[PDB]
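> my sequence and its experimental structure, below.
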2 protein chains.
Amino acid sequence: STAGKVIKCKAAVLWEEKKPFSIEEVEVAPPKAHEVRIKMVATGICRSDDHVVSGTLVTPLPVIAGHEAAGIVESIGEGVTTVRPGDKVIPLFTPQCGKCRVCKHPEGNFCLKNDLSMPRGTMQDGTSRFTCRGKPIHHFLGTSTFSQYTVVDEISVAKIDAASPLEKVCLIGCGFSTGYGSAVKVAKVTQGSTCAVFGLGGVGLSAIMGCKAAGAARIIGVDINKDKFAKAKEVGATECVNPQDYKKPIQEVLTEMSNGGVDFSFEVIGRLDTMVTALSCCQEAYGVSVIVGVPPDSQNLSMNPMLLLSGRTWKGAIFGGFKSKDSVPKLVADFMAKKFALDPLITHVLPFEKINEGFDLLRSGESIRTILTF
Amino acid sequence: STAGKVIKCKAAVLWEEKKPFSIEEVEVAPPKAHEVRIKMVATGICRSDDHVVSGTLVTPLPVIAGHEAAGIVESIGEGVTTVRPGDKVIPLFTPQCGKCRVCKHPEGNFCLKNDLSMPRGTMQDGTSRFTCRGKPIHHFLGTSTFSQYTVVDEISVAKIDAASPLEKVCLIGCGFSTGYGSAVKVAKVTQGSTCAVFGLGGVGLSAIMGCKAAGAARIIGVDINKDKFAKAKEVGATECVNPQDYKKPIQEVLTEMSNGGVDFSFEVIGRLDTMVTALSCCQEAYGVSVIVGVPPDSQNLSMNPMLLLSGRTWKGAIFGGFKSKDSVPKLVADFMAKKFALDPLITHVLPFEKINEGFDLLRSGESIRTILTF
Ligand SMILES: NC(=O)c1ccc[n+]([C@@H]2O[C@H](COP(=O)([O-])OP(=O)([O-])OC[C@H]3O[C@@H](n4cnc5c(N)[nH+]cnc54)[C@H](O)[C@@H]3O)[C@@H](O)[C@H]2O)c1
Ligand SMILES: NC(=O)c1ccc[n+]([C@@H]2O[C@H](COP(=O)([O-])OP(=O)([O-])OC[C@H]3O[C@@H](n4cnc5c(N)[nH+]cnc54)[C@H](O)[C@@H]3O)[C@@H](O)[C@H]2O)c1
Ligand SMILES: OCc1c(F)c(F)c(F)c(F)c1F
Ligand SMILES: OCc1c(F)c(F)c(F)c(F)c1F
Ligand SMILES: [Zn+2]
Ligand SMILES: [Zn+2]
Ligand SMILES: [Zn+2]
Ligand SMILES: [Zn+2]
């Protein structure tokens, strides 16, 4: 048995920014009280993982990244009550402690135990379960899914359906649930409305899916890579526009196309300029814009508050506004019942050992989601 | 009889920025089709009128300002159906045409016929009804209430209760309805919540009134002028804070006071810095901040969009989000039914001839609302 013992396994360690991951042996400590050690089965490559490499997102290095994944519980620490060895689980990069003011609020999901706002790169107890070359290695968002085995706090894992296909439902751990929730829960897109989605990667595709599910009459996809347009239309976009095709700023184009501004817009890229453009393109009196993209570290946007004074609503969200631990199992159940599709997001499959090729695919513009198999 | 004739009357003309109003004779043309000429009874001095004087707001000069008022219909043009000679009325600085996409939208009030966004300083037909010393004088927001008589478009006037005391209900034309609606309708303050109101003038006080009416448990007033605090507590503030008393930024103070951020905040001043502070002080996952204040023309703020990504909502509104022509008569009816009070807002009552003295009372920090009586 491996229970109570250190596990030696392979992980993808990031030693330095702007460098390939190093696939090499790490030591994974056994779970402490209220901790869960998970044998990973599949993990997706999300742009936020790439932000760690690029320094768009600052988190302590060296690190084991990865936050969109699914696996099987190997062992549980003392006091764990919500999962058992052998359960299928999704790590929760946004925890749900159930006890803080946000967890208790009907509309909050950004649990105060998160490691996103001011990342420490640790477990909840401020220590690391990972050693590599005798050196401690940081965690990422409490999940660190780029490893054959990880350890997570109990508040950062959800039990899911035992019959779930883990190579698909890993996307519920980030990109799908984020985009879909951003539309259905955060924006509360309405029947017959006009939507604009900026960025047609896995998360923006998922936002399109949610807009369509909510009954939007028009869904305008916006991307500078026209190769993204065919799949955006397959999942519900009614039209697609490339800002590079136009002499005028795209907020003006979108305001014209929507006869005075869109009902709902979504920034699903991570640029300061598109955040302001996306706000501006929604109708000035009653439009809603949602920021989903992750901006470059420590940078401020500039905007005219008259955009808001007229009536616009501007909001953002992590993980589609979903209370993570309550929502993930339900989302998996709904997937199993064919209430939404995940295959449109999966463009490439690779073994974990080819993680760097997976990142190359994302950076080239070729992929949506590459799913890595352990 | 004056109907169908030019009226020569007294008005307060603003010939140039940063100068006193000139109280002198103007000529007021009769109303054209779908226009209403009103004998003014009382008008309030709103900070937004002062913004015209100071250059904070840009609108064509020379102008007859004034937008918070009440009077009695003198005559109607052909085709008017919603008011008759002798009716008590409130001019609507945000029109309600009833036909545009905003007017048709359940949550929109910033009617596309407004003269706020891109001011022309005319009637709807692009002409002026005012002359002074042989020169055409601009209108302001379709209202121009600093005159013994004005002419407004029908879509910019509401009939109110014939028994209304005009010297009080004129506040429903701007400051009361703006503050109150910002709380009750735009923010949708909840029972038991904690609110922070930045700026304790007439509009901020009315926002306090709304927060209290909505059942807030804590209402923190914020102002640099501690002389404003006693009246803020009278109308519902549970605590008041002066940023100048603290070594730390007031967003930090308010976050500490509210054990991690407020539920609802309101910027009711008109400064870029306080708009950002107000957003920051609301709880990062589920807080809502509403911009009410009018900032200096053409200036952008800077902010970190992580404030929004965590879950905050940022919005603004004109006129408390109220559909103007539907709402004004109901607000007056509610006042007559003792559902809210207006007297706490009124600190001074002066003849119209003392308009400049009224503006000096506002600028010196000594008044809340001065009501000018014709
Ligand atoms: N809020 C959350 O909880 C959350 C979750 C998941 C992802 N993210 C972020 O969301 C963003 C999208 O993630 P993803 O879908 O995995 O990334 P992605 O697959 O890189 O998709 C982004 C898309 O944006 C397009 N794009 C780039 N620049 C522009 C431009 N100027 N105008 C229009 N399109 C442009 C680009 O071509 C690509 O198709 C990233 O910033 C992520 O970090 C946030
Ligand atoms: N959105 C709308 O429809 C609408 C309607 C009415 C008024 N307004 C605007 O709302 C604002 C308030 O109007 P008002 O109540 O008539 O003005 P006011 O009576 O001048 O009140 C403003 C208050 O802000 C206080 N103040 C000034 N600087 C600061 C600071 N740095 N920190 C905290 N407090 C400060 C000041 O002492 C005063 O009590 C103005 O900008 C108006 O133009 C907007
Ligand atoms: O993709 C999800 C995701 C985010 F939305 C973040 F804001 C973040 F900081 C991060 F590390 C992350 F992985
Ligand atoms: O006080 C109400 C009011 C506003 F909210 C404005 F945005 C504005 F431009 C204006 F002239 C005005 F009077
Ligand atoms: Zn929590
Ligand atoms: Zn992600
Ligand atoms: Zn209208
Ligand atoms: Zn006003």
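It's in. Residues are numbered from 1 along each chain as shown, chains lettered A, B, ... in the order given. Ligands and ions are numbered 1, 2, ... in the order given.
> could you report the neighbour count for residue A:191?
8 (other C-beta atoms under 10 Å in any protein chain shown). In short, each C-beta sits where N, CA and C put it, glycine included.
> isn't it right up against residue A:215?
Yes: contact criterion C-beta atoms under 8 Å: residue A:191 and residue A:215 qualify, at 3.4 Å.
> can you list the domains in chain A?
A:1-178+A:318-374, A:179-317 (curated CATH domains).
> which of those domains is buried the deepest?
Mean neighbour counts were compared across these using mean count of other C-beta atoms under 10 Å in any protein chain shown; the top stretch is domain A:179-317, at a mean of 22.
> the domains of chain A into a markdown table, with extra columns for distance to ligand 2?
What follows is the domains of chain A, written out as a markdown table (distance: least, C-beta to the nearest ligand atom, whole Å):
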| stretch | distance to ligand 2 |
| --- | --- |
| domain A:1-178+A:318-374 | 25 |
| domain A:179-317 | 6 |
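> ok, which stretches of chain A are helices?
A:47-54, A:101-104, A:166-169, A:175-181, A:202-213, A:229-234, A:250-257, A:272-281, A:306-309, A:324-336, A:355-363 (DSSP state H).
> what parts of chain A come near ligand 6?
A:46, A:48, A:174 (C-beta under 5 Å from the ion).
> repeat that with 6 Å
By C-beta under 6 Å from the ion, the residues of chain A that approach ligand 6 are A:46, A:48, A:67-68, A:174-175.
> which of the residues you listed sits closest to residue A:281?
Of all the residues of chain A next to ligand 6, residue A:175 has the smallest distance to residue A:281: 23.4 Å, by C-beta to C-beta.
> how near is the residue most central in space within chain A to residue A:236?
Geometric centre of chain A, nearest residue: residue A:174, 3.2 Å, by C-alpha atoms, centre = their mean. Using C-beta to C-beta, to the nearest Å, one gets 20 Å for the distance from residue A:174 to residue A:236.
> again, but for residue A:257
Residue A:257 is 17 Å from residue A:236, by C-beta to C-beta.
> go on, residue A:335?
Distance from residue A:335 to residue A:236, by C-beta to C-beta: 17 Å.
> tell me the contacts of the residue nearest to the centre of chain A?
When contacts are counted by C-beta atoms under 8 Å, 6 or more residues apart in numbering or on different chains, residue A:174 is found next to A:44, A:46, A:48, A:67-68, A:93, A:319.
> nearest residue to it other than its sequence neighbours?
Nearest non-adjacent residue to residue A:174, counting by C-beta to C-beta, 6 or more residues apart in numbering or on different chains: residue A:68, 3.7 Å away.
> cool, residue A:357 as well?
Going by C-beta to C-beta, 6+ apart, residue A:357 has residue A:350 as its nearest residue, at 6.2 Å.
> for the one you found, list each beta-bridge partner.
Counting by DSSP bridges, residue A:350 forms beta bridges with residue A:372.
> export the helices of chain A to TSV and tack on distance to residue A:137?
Listed next are the helices of chain A as TSV, based on distance: least, C-beta to C-beta, whole Å:
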stretch	distance to residue A:137
helix A:47-54	13
helix A:101-104	29
helix A:166-169	25
helix A:175-181	25
helix A:202-213	27
helix A:229-234	36
helix A:250-257	42
helix A:272-281	32
helix A:306-309	43
helix A:324-336	24
helix A:355-363	16
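> out of those, which is closest to ligand 5?
Comparison of these against ligand 5 by C-beta to the ion identifies helix A:101-104 as nearest, at 3.4 Å.
> do I have it right that residue A:82 meets residue A:154?
Yes: checked against C-beta under 8 Å, the pair residue A:82 and residue A:154 is within contact range at 6.1 Å.
> residues of the stretch 51-200 of chain A that sit close to ligand 8?
So the stretch 51-200 of chain A never meets ligand 8 (C-beta under 6 Å from the ion).
> let me see the ranges of the strands in the stretch 51-200 of chain A.
For the stretch 51-200 of chain A, the strands defined by DSSP state E, counting those that start in this stretch occupy A:63-64, A:69-76, A:88-91, A:130-132, A:135-137, A:149-153, A:157-159, A:194-198.
> what packs against the second one?
For strand A:69-76, the helices and strands in contact under the criterion 3 or more C-beta pairs under 8 Å, 6 or more residues apart in numbering or on different chains; DSSP states H and E are strand A:35-44, strand A:88-91, helix A:166-169.
> equivalent analysis for the fifth one, please.
Secondary structure elements in contact with strand A:135-137, counted by 3+ C-beta pairs under 8 Å, 6+ apart, are strand A:130-132.
> ok, now with 10 Å
Counting contacts by 3 or more C-beta pairs under 10 Å, 6 or more residues apart in numbering or on different chains; DSSP states H and E, strand A:135-137 packs against strand A:7-14, strand A:130-132.
> now those in a markdown table, with distance to residue B:367?
Listed next are these as a markdown table, based on distance: least, C-beta to C-beta, whole Å:
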| stretch | distance to residue B:367 |
| --- | --- |
| strand A:7-14 | 62 |
| strand A:130-132 | 65 |
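> of the ones you listed, which approaches ligand 5 most closely?
Closest approach to ligand 5 among the helices and strands packed on strand A:135-137 is made by strand A:130-132 (24.4 Å; C-beta to the ion).
> isn't the residue nearest to residue A:174 up against residue A:346?
No: with contact defined as C-beta atoms under 10 Å, residue A:68 does not reach residue A:346; the gap is 11.7 Å.
> what is in contact with these two at once?
Applying C-beta atoms under 10 Å, 6 or more residues apart in numbering or on different chains, one finds that residue A:68 and residue A:346 are jointly contacted by A:44, A:170-171, A:202, A:369, A:371.
> turn those into TSV, columns for distance to ligand 1.
Shown next, in TSV, are the shared contacts of residue A:68 and residue A:346 (distance: C-beta to the nearest ligand atom, whole Å):
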residue	distance to ligand 1
A:44	9
A:170	13
A:171	10
A:202	4
A:369	8
A:371	13
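> which of those residues sit farthest apart?
A:170 and A:202 (11.5 Å).
> my guess is residue A:10 contacts residue A:372, does it?
No: counting by C-beta under 10 Å, residue A:10 does not reach residue A:372; the two are 11.9 Å apart.
> shared neighbours of these two, anything?
With C-beta under 10 Å, 6+ apart as the test, residue A:10 and residue A:372 both reach A:146, A:352-353.
> out of those residues, who's nearest residue A:183?
Relative to residue A:183, the closest of the shared contacts of residue A:10 and residue A:372 is residue A:146; by C-beta to C-beta it sits at 28.3 Å.
> out of the helices and strands packed on strand A:69-76, flag the one nearest residue B:17.
Comparing these by C-beta to C-beta, strand A:35-44 comes nearest, at 58.6 Å.
> now for the closest one, which elements pack on it?
strand A:7-14, strand A:69-76, strand A:88-91, strand A:149-153, strand A:157-159, helix A:166-169, helix A:355-363, strand A:369-373.
> CSV please, covering these and showing distance to ligand 3.
Shown next, in CSV, are these (distance: least, C-beta to the nearest ligand atom, whole Å):
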stretch, distance to ligand 3
strand A:7-14, 13
strand A:69-76, 12
strand A:88-91, 11
strand A:149-153, 14
strand A:157-159, 16
helix A:166-169, 16
helix A:355-363, 13
strand A:369-373, 12
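> ok, the closest residue to ligand 4 within chain A to chain B distance?
Proximity to ligand 4, evaluated over chain A using C-beta to the nearest ligand atom, is greatest for residue A:309 at 6.0 Å. Residue A:309 is 4 Å from chain B, where distance means C-beta to the nearest C-beta, to the nearest Å.
> do residue A:30 as well
Residue A:30 is 33 Å from chain B, where distance means C-beta to the nearest C-beta.
> thanks a lot, catch you later.
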